[PDB]
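run.tsv, holding TSV, C-alpha atoms and all ligand atoms:
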chain	number	residue	atom	x	y	z
A	98	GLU	CA	143.13	192.24	26.06
A	99	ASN	CA	146.94	192.15	25.86
A	100	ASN	CA	148.36	195.69	25.67
A	101	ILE	CA	146.14	197.76	28.00
A	102	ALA	CA	146.82	198.01	31.74
A	103	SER	CA	143.31	197.92	33.21
A	104	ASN	CA	141.74	196.02	36.10
A	105	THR	CA	138.51	195.44	34.15
A	106	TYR	CA	137.13	195.21	30.63
A	107	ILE	CA	134.29	197.60	31.59
A	108	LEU	CA	136.02	200.71	30.27
A	109	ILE	CA	134.58	203.95	31.65
A	110	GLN	CA	136.01	207.26	30.46
A	111	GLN	CA	135.72	209.95	33.14
A	112	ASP	CA	138.83	211.99	32.28
A	113	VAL	CA	140.87	212.84	29.19
A	114	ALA	CA	144.27	212.24	30.80
A	115	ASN	CA	145.08	209.14	28.74
A	116	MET	CA	143.79	210.93	25.62
A	117	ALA	CA	145.61	214.27	25.77
A	118	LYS	CA	148.84	212.63	26.95
A	119	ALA	CA	148.93	210.47	23.81
A	120	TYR	CA	148.23	213.53	21.65
A	121	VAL	CA	151.10	215.63	23.00
A	122	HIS	CA	153.34	212.57	22.65
A	123	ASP	CA	152.23	212.42	18.99
A	124	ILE	CA	151.81	215.97	17.68
A	125	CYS	CA	155.01	217.09	19.42
A	126	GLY	CA	157.08	214.38	17.73
A	127	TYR	CA	156.51	216.16	14.41
A	128	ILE	CA	158.21	219.32	15.69
A	129	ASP	CA	161.46	220.51	14.07
A	130	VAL	CA	160.04	219.41	10.69
A	131	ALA	CA	160.05	222.96	9.34
A	132	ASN	CA	163.25	224.00	11.12
A	133	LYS	CA	164.89	220.90	9.67
A	134	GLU	CA	163.73	222.00	6.23
A	135	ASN	CA	165.21	225.45	6.86
A	136	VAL	CA	168.56	223.78	7.57
A	137	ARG	CA	168.63	222.21	4.10
A	138	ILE	CA	167.34	225.29	2.28
A	139	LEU	CA	169.61	227.66	4.21
A	140	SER	CA	172.64	225.35	4.22
A	141	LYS	CA	172.28	225.17	0.43
A	142	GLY	CA	174.07	228.44	-0.26
A	143	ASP	CA	175.32	231.51	1.58
A	144	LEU	CA	173.66	234.80	0.70
A	145	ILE	CA	176.61	237.17	1.32
B	219	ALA	CA	146.69	217.94	9.40
B	220	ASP	CA	145.30	221.48	9.48
B	221	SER	CA	147.74	222.50	12.23
B	222	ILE	CA	150.73	221.21	10.27
B	223	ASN	CA	149.59	222.86	7.04
B	224	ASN	CA	149.13	226.19	8.81
B	225	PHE	CA	152.47	225.76	10.59
B	226	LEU	CA	154.53	225.21	7.43
B	227	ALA	CA	152.51	227.95	5.71
B	228	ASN	CA	153.19	230.67	8.28
B	229	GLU	CA	156.71	229.30	8.80
B	230	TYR	CA	157.36	229.62	5.06
B	231	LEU	CA	156.58	233.34	5.23
B	232	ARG	CA	158.83	233.79	8.27
B	233	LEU	CA	161.75	232.32	6.34
B	234	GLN	CA	160.91	234.51	3.34
B	235	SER	CA	160.99	237.61	5.56
B	236	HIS	CA	164.28	236.41	7.07
B	237	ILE	CA	165.99	236.21	3.68
B	238	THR	CA	164.72	239.50	2.24
B	239	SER	CA	165.50	241.16	5.56
B	240	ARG	CA	169.03	239.74	5.45
B	241	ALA	CA	169.50	240.76	1.81
B	242	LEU	CA	168.26	244.26	2.68
B	243	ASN	CA	170.34	244.69	5.84
B	244	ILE	CA	173.54	243.52	4.14
B	245	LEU	CA	172.85	246.06	1.39
B	246	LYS	CA	172.08	248.93	3.77
B	247	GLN	CA	174.97	247.90	6.01
B	248	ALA	CA	177.33	247.92	3.03
B	249	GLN	CA	176.04	251.35	2.00
B	250	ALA	CA	176.89	252.58	5.50
B	251	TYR	CA	180.52	251.52	5.12
B	252	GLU	CA	180.59	252.92	1.58
B	253	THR	CA	179.52	256.33	2.88
B	254	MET	CA	182.16	256.06	5.61
B	255	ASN	CA	184.91	255.43	3.05
B	256	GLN	CA	183.77	258.49	1.08
B	257	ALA	CA	183.81	260.68	4.19
B	258	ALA	CA	187.26	259.37	5.16
B	259	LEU	CA	188.61	260.16	1.69
B	260	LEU	CA	187.27	263.72	1.73
B	261	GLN	CA	188.38	264.15	5.35
B	262	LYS	CA	191.96	263.58	4.19
B	263	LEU	CA	191.55	266.43	1.69
B	264	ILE	CA	190.55	268.79	4.51
B	265	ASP	CA	193.43	267.45	6.60
B	266	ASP	CA	195.83	268.25	3.76
B	267	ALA	CA	194.49	271.81	3.56
B	268	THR	CA	194.92	272.40	7.29
B	269	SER	CA	198.49	271.07	7.19
B	270	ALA	CA	199.28	273.40	4.28
B	271	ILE	CA	198.20	276.36	6.42
B	272	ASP	CA	200.48	275.25	9.26
B	273	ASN	CA	203.41	274.97	6.85
C	29	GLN	CA	144.00	231.55	4.69
C	30	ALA	CA	144.51	233.85	7.67
C	31	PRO	CA	140.87	234.27	8.82
C	32	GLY	CA	138.43	231.62	9.94
C	33	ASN	CA	140.88	228.73	9.44
C	34	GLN	CA	141.26	228.14	13.20
C	35	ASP	CA	137.63	228.36	14.33
C	36	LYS	CA	137.04	224.60	14.22
C	37	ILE	CA	140.39	223.95	15.91
C	38	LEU	CA	139.22	226.01	18.90
C	39	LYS	CA	135.96	224.10	19.40
C	40	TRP	CA	137.79	220.76	19.50
C	41	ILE	CA	140.40	221.84	22.06
C	42	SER	CA	137.71	223.53	24.17
C	43	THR	CA	135.62	220.36	24.50
C	44	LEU	CA	138.71	218.24	25.14
C	45	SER	CA	139.58	220.65	27.95
C	46	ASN	CA	136.06	220.77	29.39
C	47	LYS	CA	136.06	216.98	29.73
C	48	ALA	CA	139.25	217.24	31.81
C	49	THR	CA	138.55	217.02	35.54
C	50	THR	CA	141.73	215.84	37.27
C	51	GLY	CA	144.60	218.29	37.53
C	52	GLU	CA	146.88	215.87	35.69
C	53	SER	CA	144.60	215.85	32.65
C	54	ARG	CA	144.27	219.64	32.76
C	55	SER	CA	148.07	219.92	32.55
C	56	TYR	CA	148.22	217.78	29.41
C	57	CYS	CA	145.52	220.01	27.92
C	58	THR	CA	147.75	223.04	28.49
C	59	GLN	CA	150.63	221.29	26.72
C	60	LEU	CA	148.29	220.28	23.90
C	61	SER	CA	146.90	223.81	23.58
C	62	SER	CA	150.40	225.31	23.41
C	63	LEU	CA	151.47	223.07	20.52
C	64	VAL	CA	148.29	223.96	18.64
C	65	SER	CA	148.79	227.68	19.21
C	66	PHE	CA	152.47	227.18	18.38
C	67	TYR	CA	151.72	225.45	15.07
C	68	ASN	CA	148.70	227.65	14.29
C	69	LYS	CA	150.42	230.98	15.00
C	70	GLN	CA	149.82	233.32	12.07
C	71	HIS	CA	152.75	235.20	10.52
C	72	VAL	CA	152.02	238.51	8.78
C	73	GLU	CA	154.86	241.04	8.45
C	74	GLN	CA	154.40	242.41	4.90
C	75	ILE	CA	157.44	240.75	3.31
C	76	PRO	CA	159.06	243.72	1.53
C	77	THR	CA	159.95	243.69	-2.15
C	78	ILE	CA	163.57	244.40	-3.10
C	79	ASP	CA	164.24	246.72	-6.05
C	80	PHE	CA	167.86	245.90	-6.90
C	81	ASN	CA	167.72	248.40	-9.77
C	82	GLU	CA	167.22	251.27	-7.31
C	83	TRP	CA	170.17	250.24	-5.13
C	84	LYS	CA	172.24	249.40	-8.21
C	85	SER	CA	171.80	252.96	-9.49
C	86	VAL	CA	172.08	255.20	-6.42
C	87	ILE	CA	175.25	253.58	-5.04
C	88	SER	CA	176.71	250.09	-4.61
C	89	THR	CA	179.96	248.16	-4.83
C	90	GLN	CA	180.68	246.81	-8.31
C	91	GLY	CA	179.51	243.21	-8.48
C	92	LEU	CA	177.88	243.37	-5.04
C	93	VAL	CA	174.33	244.45	-5.90
C	94	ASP	CA	174.28	241.85	-8.68
C	95	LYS	CA	175.88	239.12	-6.55
C	96	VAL	CA	173.30	239.68	-3.81
C	97	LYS	CA	170.43	239.61	-6.31
C	98	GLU	CA	171.46	236.37	-8.02
C	99	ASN	CA	172.17	234.70	-4.67
C	100	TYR	CA	169.02	236.13	-3.09
C	101	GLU	CA	166.79	234.89	-5.92
C	102	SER	CA	168.31	231.40	-5.73
C	103	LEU	CA	167.09	230.85	-2.16
C	104	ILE	CA	163.65	232.34	-2.87
C	105	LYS	CA	163.05	229.45	-5.28
C	106	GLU	CA	163.49	226.90	-2.49
C	107	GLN	CA	160.23	226.14	-0.70
C	108	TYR	CA	158.81	223.61	1.74
C	109	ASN	CA	157.68	220.24	0.38
C	110	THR	CA	154.22	220.01	1.91
C	111	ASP	CA	153.40	216.88	-0.11
C	112	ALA	CA	155.95	214.57	1.52
C	113	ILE	CA	154.83	215.56	5.02
C	114	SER	CA	151.15	215.21	4.12
C	115	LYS	CA	151.64	211.52	3.30
C	116	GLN	CA	153.69	210.37	6.29
C	117	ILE	CA	151.32	211.94	8.82
C	118	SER	CA	148.34	210.25	7.13
C	119	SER	CA	149.91	206.82	6.57
C	120	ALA	CA	151.09	206.01	10.10
C	121	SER	CA	151.92	208.00	13.22
C	122	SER	CA	152.80	207.51	16.89
C	123	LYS	CA	152.36	203.78	17.39
C	124	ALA	CA	151.81	204.80	21.02
C	125	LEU	CA	148.76	206.74	19.79
C	126	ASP	CA	147.46	203.39	18.51
C	127	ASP	CA	147.04	202.45	22.17
C	128	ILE	CA	144.05	204.75	22.64
C	129	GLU	CA	142.89	204.24	19.04
C	130	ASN	CA	142.22	200.63	20.06
C	131	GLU	CA	141.15	201.52	23.61
C	132	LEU	CA	138.47	204.06	22.67
C	133	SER	CA	137.33	201.79	19.83
C	134	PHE	CA	136.69	198.92	22.24
C	135	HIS	CA	135.39	201.35	24.86
C	136	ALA	CA	132.87	202.62	22.30
C	137	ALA	CA	131.89	199.09	21.28
C	138	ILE	CA	130.97	198.42	24.91
C	139	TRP	CA	128.62	201.40	25.09
C	140	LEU	CA	127.32	200.84	21.56
C	141	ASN	CA	126.18	197.38	22.64
C	142	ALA	CA	124.33	199.01	25.53
C	143	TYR	CA	122.91	201.68	23.23
C	144	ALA	CA	121.61	198.89	20.99
C	145	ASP	CA	120.12	197.06	23.98
C	146	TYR	CA	118.02	200.03	25.06
C	147	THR	CA	117.19	200.86	21.44
C	148	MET	CA	116.04	197.35	20.56
C	149	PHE	CA	114.02	197.07	23.76
C	150	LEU	CA	112.08	200.24	22.95
C	151	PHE	CA	111.66	198.76	19.47
C	152	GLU	CA	110.12	195.50	20.70
C	153	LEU	CA	108.15	197.39	23.35
C	154	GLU	CA	106.14	198.98	20.53
C	155	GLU	CA	104.05	195.84	19.96
C	156	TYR	CA	103.43	195.28	23.70
C	157	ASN	CA	100.54	197.37	25.05
C	158	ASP	CA	98.14	197.04	27.98
C	159	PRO	CA	99.62	194.19	30.04
C	160	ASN	CA	96.14	193.79	31.54
C	161	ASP	CA	94.81	192.70	28.13
C	162	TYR	CA	97.13	189.70	27.70
C	163	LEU	CA	96.71	186.26	29.22
C	164	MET	CA	99.07	185.09	31.95
C	165	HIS	CA	101.16	182.62	29.95
C	166	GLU	CA	101.40	185.04	27.01
C	167	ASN	CA	102.81	187.88	29.11
C	168	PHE	CA	105.48	185.53	30.46
C	169	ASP	CA	106.46	184.84	26.85
C	170	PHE	CA	107.11	188.53	26.18
C	171	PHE	CA	109.29	188.53	29.31
C	172	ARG	CA	111.05	185.29	28.47
C	173	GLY	CA	113.02	184.06	31.49
C	174	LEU	CA	110.46	184.68	34.22
C	175	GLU	CA	108.95	181.21	33.83
C	176	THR	CA	112.44	179.77	34.22
C	177	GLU	CA	113.00	181.72	37.44
C	178	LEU	CA	109.51	180.78	38.63
C	179	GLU	CA	110.39	177.10	38.24
C	180	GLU	CA	113.53	177.64	40.32
C	181	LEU	CA	111.49	179.04	43.21
C	182	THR	CA	109.09	176.10	42.97
C	183	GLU	CA	111.65	173.30	42.68
C	184	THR	CA	113.61	174.71	45.62
C	185	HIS	CA	110.39	175.22	47.63
C	186	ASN	CA	110.99	178.97	47.92
C	187	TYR	CA	107.24	179.52	47.81
C	188	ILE	CA	107.37	182.56	50.11
C	189	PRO	CA	106.54	185.39	47.66
C	190	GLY	CA	109.33	187.92	47.32
C	191	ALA	CA	112.00	186.17	49.37
C	192	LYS	CA	114.65	186.34	46.64
C	193	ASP	CA	113.70	189.85	45.46
C	194	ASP	CA	115.97	192.50	46.97
C	195	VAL	CA	113.11	195.02	46.96
C	196	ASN	CA	109.83	193.11	47.33
C	197	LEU	CA	107.74	196.10	46.30
C	198	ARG	CA	104.71	193.82	45.99
C	199	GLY	CA	105.24	192.95	49.66
C	200	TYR	CA	105.14	196.58	50.75
C	201	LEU	CA	101.92	197.32	48.85
C	202	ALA	CA	100.11	194.50	50.64
C	203	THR	CA	101.39	195.57	54.08
C	204	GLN	CA	100.61	199.29	53.82
C	205	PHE	CA	97.97	198.87	56.55
C	206	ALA	CA	98.93	195.53	58.10
C	207	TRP	CA	99.44	194.94	61.80
C	208	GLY	CA	103.10	194.37	62.60
C	209	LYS	CA	104.12	195.79	59.24
C	210	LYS	CA	106.99	193.66	57.98
C	211	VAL	CA	108.26	192.05	54.79
C	212	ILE	CA	109.87	188.65	54.48
C	213	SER	CA	113.60	188.60	55.09
C	214	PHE	CA	115.88	188.29	52.08
C	215	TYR	CA	116.27	184.73	50.78
C	216	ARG	CA	114.10	183.27	53.55
C	217	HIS	CA	113.28	179.62	52.93
C	218	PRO	CA	110.06	178.16	54.40
C	219	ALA	CA	112.04	175.22	55.84
C	220	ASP	CA	115.04	176.79	57.59
C	221	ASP	CA	114.85	177.05	61.38
C	222	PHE	CA	117.70	178.77	63.25
C	223	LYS	CA	116.05	178.33	66.66
C	224	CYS	CA	118.41	177.77	69.58
C	225	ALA	CA	118.00	176.87	73.24
C	226	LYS	CA	120.18	177.09	76.35
C	227	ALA	CA	120.05	176.07	80.00
C	228	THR	CA	121.26	178.57	82.61
C	229	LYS	CA	121.45	178.67	86.38
C	230	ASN	CA	118.02	180.32	86.23
C	231	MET	CA	114.88	178.91	84.65
C	232	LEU	CA	113.61	179.52	81.11
C	233	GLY	CA	117.16	180.11	79.90
C	234	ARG	CA	117.31	183.48	81.66
A	301	LIG	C1	90.67	182.43	55.03
A	301	LIG	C2	90.87	180.92	54.96
A	301	LIG	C3	92.26	180.51	55.44
A	301	LIG	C4	92.68	181.29	56.68
A	301	LIG	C5	94.00	180.74	57.21
A	301	LIG	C6	94.55	181.64	58.32
A	301	LIG	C7	95.10	182.94	57.72
A	301	LIG	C8	95.61	183.83	58.85
A	301	LIG	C9	96.08	185.16	58.26
A	301	LIG	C10	97.41	185.56	58.90
A	301	LIG	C11	97.23	185.79	60.40
A	301	LIG	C12	98.55	186.29	60.97
A	301	LIG	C13	98.38	186.75	62.42
A	301	LIG	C14	99.70	187.36	62.89
A	301	LIG	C15	99.46	188.43	63.95
A	301	LIG	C16	100.77	189.17	64.20
A	301	LIG	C17	100.50	190.64	64.50
A	301	LIG	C18	101.80	191.28	64.99
A	301	LIG	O1	102.75	191.29	64.29
A	301	LIG	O2	101.87	191.86	66.26
A	301	LIG	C19	102.12	193.23	66.19
A	301	LIG	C20	101.61	193.94	67.44
A	301	LIG	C21	101.06	195.30	67.02
A	301	LIG	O3	102.03	195.99	66.29
A	301	LIG	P1	101.67	196.41	64.74
A	301	LIG	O4	102.48	197.64	64.38
A	301	LIG	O5	101.99	195.28	63.80
A	301	LIG	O6	100.07	196.78	64.62
A	301	LIG	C22	99.58	197.87	65.34
A	301	LIG	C23	98.07	197.72	65.51
A	301	LIG	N1	97.39	198.99	65.73
A	301	LIG	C24	97.29	199.72	64.48
A	301	LIG	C25	96.05	198.72	66.21
A	301	LIG	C26	98.07	199.81	66.71
A	301	LIG	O7	102.66	194.10	68.35
A	301	LIG	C27	103.24	192.88	68.74
A	301	LIG	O8	104.33	192.60	68.37
A	301	LIG	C28	102.47	191.92	69.65
A	301	LIG	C29	102.73	190.49	69.19
A	301	LIG	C30	101.64	189.57	69.73
A	301	LIG	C31	101.54	188.33	68.85
A	301	LIG	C32	100.32	187.51	69.25
A	301	LIG	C33	99.84	186.67	68.06
A	301	LIG	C34	100.45	185.28	68.09
A	301	LIG	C35	99.69	184.39	67.10
A	301	LIG	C36	100.61	183.90	65.99
A	301	LIG	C37	101.16	182.51	66.31
A	301	LIG	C38	100.26	181.44	65.70
A	301	LIG	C39	101.08	180.23	65.28
A	301	LIG	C40	100.12	179.12	64.87
A	301	LIG	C41	100.90	177.89	64.40
A	301	LIG	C42	99.98	176.68	64.44
A	301	LIG	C43	100.77	175.44	64.02
A	301	LIG	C44	99.92	174.19	64.27

As structure tokens, what does this structure read like?
Amino acid sequence: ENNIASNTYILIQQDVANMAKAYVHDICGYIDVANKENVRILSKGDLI
Amino acid sequence: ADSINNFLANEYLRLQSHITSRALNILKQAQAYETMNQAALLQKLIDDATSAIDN
Amino acid sequence: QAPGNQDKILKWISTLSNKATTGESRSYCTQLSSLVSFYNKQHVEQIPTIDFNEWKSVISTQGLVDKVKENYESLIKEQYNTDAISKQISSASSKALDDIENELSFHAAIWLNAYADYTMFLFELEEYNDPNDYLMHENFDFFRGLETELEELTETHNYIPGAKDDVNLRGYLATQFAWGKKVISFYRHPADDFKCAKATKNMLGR
């Protein structure tokens, strides 16, 4: 009743736009997690 | 959760292949130069023989 | 690990995509599908084993084959810390995602209240059988509220049957063979009279 922009409280879901958009904005955020780990592991020492 | 676990899993193998591939290339690459130094050393011996003929 | 671990992940994305109708939603599904395929891409390249003893023997620079081995092995020990990531993703994530977490939860509560309405009605309907076998005032008690509406028609003198009913089906059944087939007009009161009258240059208001 405070943080949802809707012209009615009778919520009717007819498309998954609002749903998939919030998923890509969520699952994408956790990208670079493995590459960031590679930085630490690889920046540890130089093979040579 | 299953997509992250499979991501780090397959990504872990990719890093493993990167290291072993690097450690193998550096070794093979070094061997290439090592063979080149040997050929250059022996090449000088042949060069000395040819110069002796000219003299 | 490699086989069968992505079967369920394909059914979910497929349904989510099928529900998408507008082009905008379909685009987000493509972005979502890419990230899933990106994270769920399988890596199989037959990581080769290194036999430093073989290279050490055939030919190598003194101290090199050993220096590579000791340095190589050191990095092989390092590995991803799956535990730390497992906790953060499960504790809290994407406070923006909480927007639809609370939207779909209230959206579902709306249609669960309706599901309970139809379910409870069919539950109470089990004891009600053969309306023609109940007395008049007992049937009205099953359909509580009709007596209240019936008093409103009486106290307002709307005693024309079916005036306030949008579809006076009872009025059509009685007029199936009537002369000048007509039903009462909507919300017609037996006391209202909109009659007019005018005087023109001609007689009879013509
Ligand atoms: C039983 C004890 C108590 C009895 C109480 C009395 C109950 C009377 C029952 C209702 C009678 C209603 C008669 C209405 C006739 C209307 C027929 C019609 O619509 O015409 C269609 C007709 C026919 O169209 P149709 O489509 O409806 O029928 C077609 C008929 N066939 C099938 C044969 C082709 O067309 C017309 O529009 C002509 C209109 C002529 C109207 C002449 C009748 C006027 C009389 C009504 C006024 C009386 C006011 C009295 C007030 C007194 C105050 C002091």

Q: Write out as a list in words each polymer residue (protein, DNA or RNA) that has an atom no more than 12 Å from ligand LIG 301 (chain A), with all atoms listed in the file counted.
A: residues 203, 204, 205, 206, 207, 208, 209, 210 and 211 of chain C

Q: For atom CA of residue B:261 and atom CA of residue B:249, determine how far apart the two atoms are, in Å to one decimal place.
A: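 Spanning atom CA of residue B:261 to atom CA of residue B:249 is a straight-line distance of 18.1 Å.
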
Q: Could you list the residues in chain A lying within 7 Å of chain C, using only C-alpha atoms, and format the result as number ranges by chain?
A: A: 108, 112-114, 116-119, 121, 123, 134, 138, 144-145

Q: Return the neighbours of chain B among the residues of chain C, cut-off 6 Å, counting all atoms listed in the file, as a list in words.
A: residues 67, 68, 70, 71 and 75 of chain C

Q | Test item: chain A residues at most 12 Å from chain B, counting only C-alpha atoms, as a ChimeraX atom specification | A | /A:124-136,138-139,142-145

Q: Please measure the separation of atom CA of residue C:220 and atom CA of residue C:185, giving the value in Å to one decimal.
A: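 Separation of atom CA of residue C:220 and atom CA of residue C:185: 11.1 Å.
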
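Interatomic distance, atom CA of residue C:191 to atom CA of residue C:218: 9.7 Å.
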
Q) How would you write as a VMD selection string the residues that get within 12 Å of (107.3, 182.0, 46.7) in the file's frame, counting all atoms listed in the file? A) chain C and resid 177 to 193 196 199 212 214 to 218
